[PDB]
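Observations on chain architecture
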Amino acid sequence: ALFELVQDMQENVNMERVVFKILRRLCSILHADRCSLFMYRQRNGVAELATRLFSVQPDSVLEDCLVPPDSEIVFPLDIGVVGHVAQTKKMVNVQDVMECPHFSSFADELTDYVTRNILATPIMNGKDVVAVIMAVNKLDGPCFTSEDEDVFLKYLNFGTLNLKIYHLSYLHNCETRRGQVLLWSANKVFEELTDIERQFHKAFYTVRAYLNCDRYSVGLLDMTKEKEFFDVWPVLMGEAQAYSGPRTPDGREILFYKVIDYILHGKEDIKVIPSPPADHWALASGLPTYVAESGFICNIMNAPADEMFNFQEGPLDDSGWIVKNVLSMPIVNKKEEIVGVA
Amino acid sequence: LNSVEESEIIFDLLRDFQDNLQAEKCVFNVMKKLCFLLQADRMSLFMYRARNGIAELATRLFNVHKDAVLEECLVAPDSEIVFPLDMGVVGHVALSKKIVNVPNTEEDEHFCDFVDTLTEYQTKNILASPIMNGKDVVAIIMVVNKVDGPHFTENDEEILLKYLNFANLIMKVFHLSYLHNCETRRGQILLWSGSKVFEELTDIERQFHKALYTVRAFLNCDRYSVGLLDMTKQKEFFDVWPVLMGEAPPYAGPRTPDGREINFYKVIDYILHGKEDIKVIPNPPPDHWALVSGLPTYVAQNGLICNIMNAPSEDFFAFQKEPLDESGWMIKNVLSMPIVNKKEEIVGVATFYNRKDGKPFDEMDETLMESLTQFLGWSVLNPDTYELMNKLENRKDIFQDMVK
Amino acid sequence: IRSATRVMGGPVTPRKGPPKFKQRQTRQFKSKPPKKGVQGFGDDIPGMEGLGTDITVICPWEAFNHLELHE
Amino acid sequence: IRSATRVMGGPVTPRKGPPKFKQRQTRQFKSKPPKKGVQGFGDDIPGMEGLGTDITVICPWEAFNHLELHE
Amino acid sequence: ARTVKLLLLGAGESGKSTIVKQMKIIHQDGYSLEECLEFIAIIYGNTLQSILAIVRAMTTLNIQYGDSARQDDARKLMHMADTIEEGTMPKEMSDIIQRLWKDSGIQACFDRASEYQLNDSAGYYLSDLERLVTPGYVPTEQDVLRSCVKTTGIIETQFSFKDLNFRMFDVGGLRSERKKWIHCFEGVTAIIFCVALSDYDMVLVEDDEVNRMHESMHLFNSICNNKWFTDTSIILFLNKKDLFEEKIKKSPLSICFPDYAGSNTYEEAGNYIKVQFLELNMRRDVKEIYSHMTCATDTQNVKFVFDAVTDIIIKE
Ligand SMILES: Nc1nc2c(ncn2[C@@H]2O[C@H](COP(=O)(O)OP(=O)(O)OP(=O)(O)O)[C@@H](O)[C@H]2O)c(=O)[nH]1
Ligand SMILES: Nc1nc2c(ncn2[C@@H]2O[C@@H]3COP(=O)(O)O[C@H]3[C@H]2O)c(=O)[nH]1
Ligand SMILES: Nc1nc2c(ncn2[C@@H]2O[C@@H]3COP(=O)(O)O[C@H]3[C@H]2O)c(=O)[nH]1
């Protein structure tokens, strides 16, 4: 059985399949009733644990235990035994859950299931965590004995290698593309001297294949600070009202005078707008003007179910287009002055 | 040959897949048992590399017989044997990419006999197979002689193709780590050089001396040097006249591939092994430690990337054969490449010496330093605009003082 | 020092000849031919190993893949 | 069926609260704290660890650390 | 008793020699009554250099002066300070310096003093520049112990306590001066290592892109686990706790240690930094190391800690 599943890592490492066949055996060895797998990721500085395999049991198949990206459950690592394990970085064995301070019934209301005993451990690459494995619900004894805690560790030594290989392969993927974007942006930046509107259109267009997106947009800001004498007179004479909108951290007013947007699904359809209206499909949400007030890198995960901003639902395009994930960051020019937002 | 409960060799091999795979002990350990299973006398492992666009095979483990220890079968970097890709059975295996075996060497063709004199061995039988990463070959493993028979049968081929799965996995993860190790540095040097070339406008000499000083660590080399050519195409009228009238006979030296005189007016060199000593030498003499070998004045003409493997044994260039320092430091590897400036004109020559691991330069160290010089060649737009500004301003001042 | 190869002081070769030096690269075309063979570790990078941007523009009819002949 | 997690709309979460966003990256350094005990894949890259210089120049006495204080 | 040989070393510009002064002048051989003889020139030079460096960095940081007329004053200074003698502060200097410091523009630069290099004590000095410029000024002892000068050579100090014979050596903290450490390595009984708590967002003088805390940790780890000093013990000292108390609220700890989380207090991060400075020791239980906080200019804590240190040296 071990020589098989080593014959399966010959080419195109299959993270999902081999771990499934390891778990189907580890569930039978321990006399447990269920098993699981949680993945680790970081969004805007905070860490969290998603779900990748749920309710694996000895006679199930791969199609009924693989969780797509939409039917997920995300746990911050200050809630539950999973969070406690991923924070302390040590094995945990819980004979009864009625006493442990760290426990959550959130996952028991959705699935209609009751848990009594728990056994979990992390999986480490150097000093980092990569995943967490659980062995809920033992069938014969009152709780897991002490002799199983060594079978667990000595049998997960093979799955540790596969998960480390997967994690390493993923890091090779995201560093190949960082060299290419820099090289092919320098190539089109050092061609000639030009104004700002043309550099950001030549350089953002020739790397559209490495960025794996469907739409992205760039907005430019005005750079004039002090007004003229013949414009400050009406304010001081009661003719008009003073400005009351948002202000860039160095005092300027926030108004966009150009918007370059790209569409990359179906048609290329590059566009330029000389003066954006009050409701463009980019400026309407309000994120590009909240980023300019205070320079922040923002990362929203479920856009249609958010409250601070307003990403109205219903397709913007005939083909059917719903925003689900958004990222936006400012552009600074070595003098700590914002110049645009992407 | 074996029994069924007797196959606990599988467990013995799995026991080492625990942590910190050194990628050298594991291969040795699997070979030391594959030697017993096949009933062979010797085994060996050749590794694959490419220099100058031409492939090569270099030995990494040699004479790994039964009941041997690791320290007497590991080949040092400077005691190797290098084979071209067309000579010998190893070359044939690498070209065809399929397992082969010869019942008798003497009758068979393209069997070389170079090693049989150095190592005084007879090599009556050979059986070899390659290991692939998918469209690419990563190493070759060979077995020589048989313990008590005519030749290897088919059952031995079955045994080898069964027990090679534990090495196809070890050798492939040792290859990915190298690619990751090179991509990281290629990203970092571009980012950090872009930090320093966008800080201020200035002349060419300062820009190169601020962009090459920041990346000492990422290029693990002992010494490297950069030389700058002169860009004066055509001289004035009062300098041509002495030639056309019968004095100062005309120039005789070399010329760039667009017509010019090869003259180095500035040379920058860095020393990073003993103690950091950055120097700048204007109008260098023709016996400076970089210009004596004649390599940087040969790259400027042809414009070819040149890679040399064993300098004290090369005949065409005549390097030095004695230490150049109080401590014993001698040249062993060299790599040189030109710098172009968006109009296919050569503007300088860069040279790197003595990689810090004892091993020669290869493909993954050619691409990195080719990208570095491409970026440096593209970045010469800024120093020209400095001159254009410093001329426009003065011309404006003169014409504004004429109206007063 | 046996060294297992009986050689010390520098690498040795079976044959020697005049040196050959590599040539630069100028054109730097973007696209690549279609991919064949077994995959292996270290492939499937999105930006690389592809022609243009997407399949749909290359073959506009390919969108109607699931449909039968009659339509 | 229902994908075994019984959720079909989108990612659900136990916690609730105000969003928190990241600060920009202002200043950079070439240095890292000295290494910890255990290492894994991808933690030996030259130039990405240490202070950018060999330990000899920072601590010259460590050069001939083999010989003791007798001399 | 028979002999005690102490060595003082640590990161450069950490207040090593301030302890030498705070011991010798305070306790043995008496204080220096005629302190003005050196302190006049020393403090004048420090106060001039600080306000020269701030205005030199004003242009680099692009901060613009609070008032238009100020733009004149600085220029005059940068011309009239060149041809002046040393240890003299004429009224033409003091007037310009006080007028310049009386601005809301220089405060903007002084708030961000991490980017460039200035002496730390200068912030205390210049505010009372008039007290210096008045004739007959003899400095106070607290003002005496806040002077600054580059400890360069090897100097022998003889403390006295517990009826012992003491010999204290100290050395320069720059990279070049580190070669001289080897001579005094042989035949020692204890070693003292100094760390500055405030320097978690600064850069080295020699190298512009190296942090200071990392430099100190790499220096410590080398000799901490060495076998040359296996027999002897090591005593760790932490200085500049006052500026640490001031600053620790202003800026996060993420810049120096990237993965820290929480809220910073004068004591929450102290154990963080101490445990990270002591984990580097290899022999966990074979040998032990002790570290104490210290304000070098003060005398109460010096008396509190130095006698305990000497007692612990005696106990073994
Ligand atoms: N505010 C404050 N400053 C201190 C304290 N301790 C030392 N200093 C500063 O440290 C300076 C003296 O240190 P140095 O003269 O450089 O002595 P050193 O540590 O041997 O460093 P080098 O002289 O360069 O070798 C004084 O000018 C003080 O400003 C302290 O507790 N609080
Ligand atoms: N129904 C079901 N619940 C699980 C499974 N694995 C873990 N859990 C539960 O999900 C919970 C998530 O966090 P927890 O509160 O630390 O304790 C966990 C268990 O109660 C599983 O495979 N099936
Ligand atoms: N002494 C020795 N020679 C070997 C070994 N393995 C291969 N060779 C020899 O090296 C030769 C290299 O090229 P070849 O012509 O394929 O035939 C090969 C064998 O003669 C080994 O393990 N020990």
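Residues numbered from 1 in each chain as written, not as in the entry; some residues may be left out. Chains lettered and ligands numbered in written order. Part of a larger assembly, values for the part shown. Heavy atoms only, no water. Residues with missing side-chain atoms left out of burial classes, pairs and counts.

Structure determination for this entry is recorded as cryo-EM, at 3.2 Å resolution.

1. What about the overall build of chain E?
Secondary structure assignment for chain E yields 12 helices and 5 strands. Relative to a compact globule of 316 residues, whose C-alpha radius of gyration would be 20 Å, chain E shows 21 Å and is just as compact. Across its three principal directions, the C-alpha atoms of chain E cover 65 × 50 × 35 Å. Long-range contacts, defined as pairs at least 24 residues apart, comprise 73% of the intrachain contacts of chain E with a sequence gap of at least 6. (Helix = DSSP H or I, 4+ residues; strand = E, 2+ residues; numbered from the N terminus. Rg over C-alpha atoms; globule rule 2.2 N^0.38 Å. Contact = heavy atoms within 4.5 Å.)

2. As for the interface of chain C and chain A
Tallying the contact residues gives 15 residues for chain C and 17 residues for chain A. Here chain C and chain A share an interface that buries about 1400 Å² over both sides, 62% of which is from carbon and sulfur atoms. It is C:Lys30, C:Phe41 and C:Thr53 in chain C that bury the most area against chain A; as a group they hold 34% of the surface buried on that side. Scanning the region where chain C abuts chain A turns up 1 residue pair in polar contact. (Buried area = accessible area lost by both parts, 1.4 Å probe. Polar contact = N/O pair within 3.5 Å; in protein donor to acceptor, adjacent residues only side chain to side chain.)

3. Notes on the site of ligand 1
All names here are of chain E. Near ligand 1, the surroundings consist of 20 residues, among which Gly-15, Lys-16, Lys-150, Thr-151 and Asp-242 are the closest. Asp-120 is positioned with one of its side-chain polar atoms (N or O) 3.4 Å from a nitrogen atom of ligand 1. Note that an oxygen atom of ligand 1 is positioned 2.9 Å from one of the backbone N or O atoms of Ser-147. Considering ligand 1 on its own, with 650 Å² of exposed area, one finds that the protein chains cover 98% of that surface. (Near = heavy atom within 4 Å. Areas by Shrake-Rupley, 256 points an atom, 1.4 Å probe, with all protein chains shown as cover.)

4. What about helix α3 (residues 70-80) of chain E?
Residue and element names in this part refer to chain E. All buried positions along α3 are accounted for by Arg-70, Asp-73, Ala-74 and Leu-77. Considered in projection along α3, the buried side chains sweep an arc of 95° and stay on one side of the axis. Pointing more than 90 degrees away from the buried face of α3 are the exposed residues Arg-75 and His-79. Looking at the buried side of α3, the elements it contacts are α2 (36-60) and α4 (91-101). (Buried < 20%, exposed > 50% of the residue type's maximum accessible area, 1.4 Å probe, protein only. Arc of directions from axis to C-beta.)

5. Things to note about the nonpolar core
Membership of the largest hydrophobic core comes to 64 residues, with the highest contact counts inside it found for A:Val19, A:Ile133, A:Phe152, A:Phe158, B:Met31, B:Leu34 and B:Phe166. Residues contacting B:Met31, with those up to four places away along its chain left out, are B:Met43, B:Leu45, B:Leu61, B:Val64 and B:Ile141. (Core = buried A, V, L, I, M, F, W, Y, C linked by side-chain atoms within 4.5 Å.)

6. A look at the interface of chain C and chain B
Each side of the interface is counted separately: chain C has 25 residues, and chain B has 40 residues. If you sort the residues of chain C by the area they bury against chain B, C:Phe21, C:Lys22 and C:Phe41 come out on top, with a joint share of 26%. At the boundary of chain C with chain B, the tally comes to 3 salt bridges. For the salt bridge of B:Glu366 with C:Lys22, the shortest nitrogen-to-oxygen distance reads 3.1 Å. At the surface where chain C touches chain B, the tally comes to 5 residue pairs in polar contact. Each residue belonging to the side of chain C that touches chain B can be placed in one class, and the counts come to 9 nonpolar, 10 polar and 6 charged. (Salt bridge = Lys/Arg side-chain N within 4 Å of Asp/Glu carboxyl O. Nonpolar A, V, L, I, M, F, W, Y, C, P; charged D, E, K, R; others polar.)

7. Comments concerning the packing of helix α9 (residues 212-224) of chain E against helix α11 (residues 268-278) of chain E
Residue and element names in this part refer to chain E. Following both chains from N to C, one finds α9 and α11 inclined at 35°, their axes separated by 10 Å at the closest point. Counted together, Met-213, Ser-216, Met-217 and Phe-220 of α9 and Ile-273, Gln-276, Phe-277 and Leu-278 of α11 form the full contact between these two elements. Here the contact of α9 with α11 is built from residues that sort into 6 nonpolar, 2 polar and no charged. (Axes fitted to C-alpha atoms, helices over the stretch in contact; angles between N-to-C directions.)

8. Describing the sheet that holds strand β5 (residues 290-293) of chain E
All names here are of chain E. An order of β2-β1-β3-β4-β5 is seen for the 5 strands of this open sheet, with the pairing classed as parallel. Only two strands of the sheet have a single neighbouring strand rather than two, namely β2 (166-170) and β5. Pairs of neighbouring strands in the sheet enclose a mean axial angle of 20°, with direction left out of account. Pairing geometry for strand β1 (residues 4-10) and strand β3 (residues 190-196), over 5 bridges, is parallel. Across the sheet, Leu-6 pairs through a bridge with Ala-190, a residue of β3. Packed onto the sheet, helix α1 (residues 16-24) meets β1, β2 and β3 and runs at close to 140° relative to β1. (Pairing = 2+ DSSP bridges.)

9. Some remarks on the arrangement of the chains
If you rank the 8 pairs of chains in contact by how many contacts each has, first place goes to chains B and C. Looking at chain C next to chain D, you find no contact at all, with the nearest C-alpha pair sitting 15 Å apart.

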